[PDB]
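The form deposited without this ligand is given below as one chain in structure tokens.
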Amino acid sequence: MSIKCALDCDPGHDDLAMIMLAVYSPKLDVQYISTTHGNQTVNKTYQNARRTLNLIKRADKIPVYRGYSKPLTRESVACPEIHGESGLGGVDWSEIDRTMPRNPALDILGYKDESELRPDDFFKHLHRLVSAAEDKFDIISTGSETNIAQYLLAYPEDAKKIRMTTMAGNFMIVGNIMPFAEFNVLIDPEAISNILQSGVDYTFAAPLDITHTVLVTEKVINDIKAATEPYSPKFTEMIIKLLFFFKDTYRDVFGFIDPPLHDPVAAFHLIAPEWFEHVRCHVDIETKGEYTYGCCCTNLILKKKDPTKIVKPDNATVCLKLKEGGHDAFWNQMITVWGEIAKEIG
């Protein structure tokens, strides 16, 4: 039936939607959430994960770990909040923050308070899960992959028993935050480079190639409303506000009429991979490039050019598109979860 997994993320509006999908999906049995640094600090992403869980009535059920604050060998790009903005904008979190229950991780760790949380806390829990897995243990990663790189440096022999499903990278289209690279890779390219060389079974399930086709149209919004408004009009509003928080930026900067939704597509891959195309290849992560670090460079074209002249072994699976009906299936899954959450919030 259900698949045990861990979520590693940097919420983040997209990651919030991914957490909702993974936690409320009966197909996924979330063991824990670990947070990482991003354009916000790891302490902020920690809080944002807990906010997400408390909004959906699960903050007392799922342990959240606060991971590493910066990349392996590069500087963080995290910005301070300027003057007491929430850091997960579009919503007032004041109530969610004050009603926040105790993090279950504290009891697992034998800690009294959150000030004792350390980046490597999740390690022993992941090792237990990896050890107990019959084949491989599933991690969904939708932020920087520093946490997993750090884990593999401490537990190198676990690489062969880990399967990663990620939102990361761009292959046949260009990048977002930099010309040819995607945020999650370029923020710590050494980490993903390390992971690909470690023996991890790695799938780029949700590169920009796919997520730029997963768009929040007026049609989607109406489907959200039909599923959520009868149970929780308040939740309806928050979801829409979160989904549309960057609508203007995506339009004005990137030419999107309707904004994309990224990270939940990775969880959807673990739920229902049959909706995705897959190809195997060797991915090199650019680390030396001055302007191109985090580029995901593949030998896919060389395979089509001259199959026999391939030298480098395949080290990854890449999903370049959803199959017909895949977009509909994704939105159906997401709307189902939002509806269930709406029923629980009331």
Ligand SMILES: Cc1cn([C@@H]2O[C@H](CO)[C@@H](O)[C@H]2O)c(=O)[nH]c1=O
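We call the rigid core the largest set of C-alpha positions that still match within 1.5 Å between the two forms. For every residue, the number given is its place in the sequence shown, counted from 1. Only residues modelled in both forms are compared.
If we scan the other compared entries, does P307 go without coordinates in at least a third?
Across the compared entries, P307 is left out in at least a third.
Mean Cα B factor from the PDB record: higher for 251-259, or higher for 79-87?
It is 79-87 that shows the higher mean C-alpha B-factor.
Tell me which of 310-318 and 44-52 has the higher mean C-alpha B-factor in the deposited entry.
Taking the mean C-alpha B-factor of 310-318 and of 44-52, the larger value falls to 310-318.
Quick one: which of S144, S115, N103, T166 has the biggest Cα B-factor according to the entry?
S115 has the highest C-alpha B-factor of those listed.
Between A206, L270, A226, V130, where does the Cα B-factor run highest in the record?
If I rank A206, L270, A226, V130 by C-alpha B-factor, first place goes to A226.
So where's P189 on the chain's Cα temperature factor ranking, which third?
Its C-alpha B-factor belongs to the lowest third of this chain's values.
Taking the values exactly as deposited, rank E324 by C-alpha B-factor within its chain and report the matching third: lowest, middle or highest.
For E324, the deposited C-alpha B-factor lands in the highest third.
Assigned third (lowest, middle, highest) for the C-alpha B factor of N170:
Bottom third by C-alpha B-factor.
Compare the C-alpha B factor of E182 with those of the other modelled residues in its chain, then answer lowest, middle or highest third.
It falls in the bottom third of the chain.
Please rank the C-alpha B-factors of the chain's modelled residues and tell me whether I240 sits in the lowest, middle or highest third.
As the PDB entry reports it, the C-alpha B-factor of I240 lands in the highest third of its chain.
Keep in mind that the form deposited with this ligand bound is not shown, yet the notes after this line are about it.
Open or blocked: this ligand, posed as in the deposited bound form, superposed onto this form via site C-alphas, with 3 or more ligand atoms within 2.4 Å of backbone or C-beta counting as blocked?
After the site C-alphas are aligned, the pocket of the shown chain is open to the transferred ligand.
Can you work out whether this ligand is within 4.5 angstroms of a heavy atom in all three of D10, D14 and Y250 in the deposited bound form?
Yes, because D10, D14 and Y250 each have a heavy atom that approaches this ligand to within 4.5 Å in the deposited bound form.
Given the stretches 233-241, 132-140, 260-268, 220-228, which is the single one in contact with this ligand in the deposited bound form, using a heavy atom cutoff of 4.5 Å?
That would be stretch 260-268.
Check whether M167 has any heavy atom within 4.5 Å of a heavy atom of this ligand in the deposited bound form, and answer yes or no.
Taking the distances in the deposited bound form, the answer for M167 is yes, it comes within 4.5 Å of this ligand.
Is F183 one of the residues lying within 4.5 Å of this ligand in the deposited bound form, judged by heavy atom distances?
The answer is yes: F183 has a heavy atom within 4.5 Å of this ligand.
Close approach of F123 to this ligand in the deposited bound form, 4.5 Å, heavy atom
Answer no; every heavy atom of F123 is more than 4.5 Å from this ligand in the deposited bound form.
Is there any non-hydrogen atom of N39 lying within 4.5 Å of this ligand in the deposited bound form?
Result yes; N39 sits at the interface with this ligand in the deposited bound form.
Using a 4.5 Å heavy atom cut-off, which residue among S86, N176, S198, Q150 comes into contact with this ligand in the deposited bound form?
By the 4.5 Å criterion, the partner-contacting residue is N176.
Considering this ligand in the deposited bound form, which of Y155, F246, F256, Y111 comes within 4.5 Å of it through any heavy atom?
Spelling it out, the residue with a heavy atom inside the cut-off is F246.
After superposing on the rigid core, which residue among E81, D252, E157, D120 shows a C-alpha displacement of 2 Å or more between the shown form and the other one?
Comparing both forms, the shifted residue turns out to be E81.
How does the C-alpha distance between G84 and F183 change in the deposited bound form compared with the present structure, closer or farther, given a change of 3 angstroms or more?
Relative to this form, closer in the deposited bound form.
Distance direction in the deposited bound form for the C-alpha atoms of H83 and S94, relative to the displayed form (3 angstroms or more):
Farther apart, by at least 3 Å.
Give the residue ranges, in sequence order, where three or more consecutive C-alphas each shift by 2 Å or more between the shown form and the other one after rigid core alignment.
Residues 80-87 form the single run that moves by 2 Å or more between the shown form and the other one.
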